[PDB]
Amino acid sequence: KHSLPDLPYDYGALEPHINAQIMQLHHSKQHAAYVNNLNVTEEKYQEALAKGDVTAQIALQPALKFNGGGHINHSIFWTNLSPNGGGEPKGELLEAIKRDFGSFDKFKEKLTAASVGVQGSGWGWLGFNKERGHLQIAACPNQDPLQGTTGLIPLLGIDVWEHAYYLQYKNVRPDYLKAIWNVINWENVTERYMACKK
């Protein structure tokens, strides 16, 4: 049974970059649905599996990836953010970033274009390629999770679905991404990096 994780902070702790109304809706409504629906899909999948109904299992795939992916993605998203965040990472991660994308601004520039480049709903990701031993930037459609669909290990995620910024930034997604750099929780991203870096 999956659970909606409590936020690591106040809904309005990311002001003015991401406002409280968006965080509240995002967490209490959007994320909450995914969790609920994921639980309903898993329950049904177990039923199909138990009676060897392959058709059922396959039909339930779109819902499981969507809601399951939604849950995975947002749970990480909350942790990637912080009220005292911003700035740049340090240590190995920063060296990895400089090494892999050139500089820190080059990193930002690449991830920004990857996120702005999403046509429709999706996410922008900074991930770790375990087989290449280096970092990597990717974009995922809708709620397709980074690791489950690409193998990469999620480090930092940027939700570019319109519900993630329209109320505040409206159509101008670029303003949304320039704004989000001020609340990245490099402390958590580093943790995720050092985590799979071994």
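Quick note: we count residues from 1 along the sequence shown, nothing fancier.
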Review point. Which wins on mean Cα temperature factor, 188 to 196 or 1 to 9?
Key: 188 to 196
Review point. Of the two stretches 70 to 78 and 103 to 111, which shows the higher Cα B-factor on average in the entry?
Key: 103 to 111
Review point. In this PDB entry, which of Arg173, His27, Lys65, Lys44 has the top CA B-factor?
Key: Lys44
Review point. Which third of the chain holds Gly91 when residues are ordered by C-alpha B factor: lowest, middle or highest?
Key: highest
Study note, to complete from the structure: In terms of its chain's C-alpha B-factors, the third that includes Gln57 is the middle
Exercise for review: Give the position of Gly85 by CA B-factor within its chain, expressed as the lowest, middle or highest third.
Suggested key: highest
Study note, to complete from the structure: Sorting the chain's modelled residues by C-alpha B-factor and splitting them into thirds places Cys140 in the middle
**Study point:** Third assignment of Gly151 from its chain's C-alpha B-factors
**Key:** middle
